[PDB]
file run_21.cif (mmCIF, N, CA and C atoms)
data_model
#
loop_
_atom_site.group_PDB
_atom_site.id
_atom_site.type_symbol
_atom_site.label_atom_id
_atom_site.label_comp_id
_atom_site.auth_asym_id
_atom_site.auth_seq_id
_atom_site.Cartn_x
_atom_site.Cartn_y
_atom_site.Cartn_z
ATOM 1 N N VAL A 1 -10.133 -2.319 5.748
ATOM 2 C CA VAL A 1 -8.680 -2.296 5.879
ATOM 3 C C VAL A 1 -8.004 -2.523 4.531
ATOM 4 N N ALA A 2 -6.889 -1.833 4.312
ATOM 5 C CA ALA A 2 -6.146 -1.961 3.065
ATOM 6 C C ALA A 2 -4.733 -2.477 3.319
ATOM 7 N N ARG A 3 -4.637 -3.696 3.840
ATOM 8 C CA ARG A 3 -3.345 -4.303 4.133
ATOM 9 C C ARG A 3 -2.486 -4.386 2.875
ATOM 10 N N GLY A 4 -3.142 -4.459 1.720
ATOM 11 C CA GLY A 4 -2.423 -4.543 0.462
ATOM 12 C C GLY A 4 -2.286 -3.194 -0.217
ATOM 13 N N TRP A 5 -2.312 -2.129 0.575
ATOM 14 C CA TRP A 5 -2.192 -0.777 0.041
ATOM 15 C C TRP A 5 -0.769 -0.503 -0.432
ATOM 16 N N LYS A 6 0.199 -1.132 0.226
ATOM 17 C CA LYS A 6 1.603 -0.958 -0.129
ATOM 18 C C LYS A 6 2.211 -2.274 -0.608
ATOM 19 N N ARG A 7 1.661 -3.383 -0.127
ATOM 20 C CA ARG A 7 2.148 -4.704 -0.507
ATOM 21 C C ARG A 7 2.060 -4.902 -2.017
ATOM 22 N N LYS A 8 1.049 -4.297 -2.629
ATOM 23 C CA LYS A 8 0.850 -4.406 -4.071
ATOM 24 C C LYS A 8 1.029 -3.051 -4.748
ATOM 25 N N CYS A 9 0.665 -1.988 -4.040
ATOM 26 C CA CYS A 9 0.786 -0.637 -4.574
ATOM 27 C C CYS A 9 1.756 0.193 -3.739
ATOM 28 N N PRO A 10 3.058 -0.103 -3.876
ATOM 29 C CA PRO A 10 4.112 0.602 -3.142
ATOM 30 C C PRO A 10 4.288 2.040 -3.619
ATOM 31 N N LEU A 11 3.814 2.320 -4.827
ATOM 32 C CA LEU A 11 3.918 3.657 -5.400
ATOM 33 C C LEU A 11 3.047 4.648 -4.633
ATOM 34 N N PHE A 12 1.936 4.156 -4.094
ATOM 35 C CA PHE A 12 1.018 4.997 -3.336
ATOM 36 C C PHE A 12 0.922 4.528 -1.886
ATOM 37 N N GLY A 13 1.987 3.894 -1.404
ATOM 38 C CA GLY A 13 2.004 3.405 -0.038
ATOM 39 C C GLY A 13 2.946 4.194 0.848
ATOM 40 N N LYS A 14 3.121 5.473 0.534
ATOM 41 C CA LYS A 14 4.001 6.339 1.308
ATOM 42 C C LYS A 14 3.538 6.430 2.758
ATOM 43 N N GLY A 15 2.233 6.279 2.968
ATOM 44 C CA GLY A 15 1.685 6.346 4.310
ATOM 45 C C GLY A 15 1.251 4.989 4.828
ATOM 46 N N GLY A 16 2.043 3.963 4.532
ATOM 47 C CA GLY A 16 1.718 2.622 4.979
ATOM 48 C C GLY A 16 1.880 2.454 6.476
#

call {"tool": "encode", "arguments": {"input": "run_21.cif", "output": "structure tokens"}}
result
Amino acid sequence: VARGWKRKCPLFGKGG
């Protein structure tokens, strides 16, 4: 799981 996919990388969290 990548719970921190947007929490830390909002630039690549378009599909959060």

call {"tool": "select_by_dssp", "arguments": {"input": "run_21.cif", "residues": "chain A", "states": "helix (DSSP H, G or I)", "output": "number ranges by chain"}}
result
A: 4-7, 10-12

call {"tool": "residues_around", "arguments": {"input": "run_21.cif", "residues": "residue 16 (chain A)", "least_positions_apart": "2", "cutoff": "7 Å", "atoms": "all atoms listed in the file", "output": "PyMOL selection string"}}
result
chain A and resi 5-6+12-14

call {"tool": "write_last_selection", "arguments": {"input": "run_21.cif", "atoms": "N, CA and C atoms", "output": "mmCIF file, in the frame of the given file"}}
result
data_model
loop_
_atom_site.group_PDB
_atom_site.id
_atom_site.type_symbol
_atom_site.label_atom_id
_atom_site.label_comp_id
_atom_site.auth_asym_id
_atom_site.auth_seq_id
_atom_site.Cartn_x
_atom_site.Cartn_y
_atom_site.Cartn_z
ATOM 1 N N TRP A 5 -2.312 -2.129 0.575
ATOM 2 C CA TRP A 5 -2.192 -0.777 0.041
ATOM 3 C C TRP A 5 -0.769 -0.503 -0.432
ATOM 4 N N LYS A 6 0.199 -1.132 0.226
ATOM 5 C CA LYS A 6 1.603 -0.958 -0.129
ATOM 6 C C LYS A 6 2.211 -2.274 -0.608
ATOM 7 N N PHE A 12 1.936 4.156 -4.094
ATOM 8 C CA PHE A 12 1.018 4.997 -3.336
ATOM 9 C C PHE A 12 0.922 4.528 -1.886
ATOM 10 N N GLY A 13 1.987 3.894 -1.404
ATOM 11 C CA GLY A 13 2.004 3.405 -0.038
ATOM 12 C C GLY A 13 2.946 4.194 0.848
ATOM 13 N N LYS A 14 3.121 5.473 0.534
ATOM 14 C CA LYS A 14 4.001 6.339 1.308
ATOM 15 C C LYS A 14 3.538 6.430 2.758
#

call {"tool": "atom_distance", "arguments": {"input": "run_21.cif", "atom1": "atom N of residue 1 (chain A)", "atom2": "atom N of residue 15 (chain A)"}}
result
15.3 Å
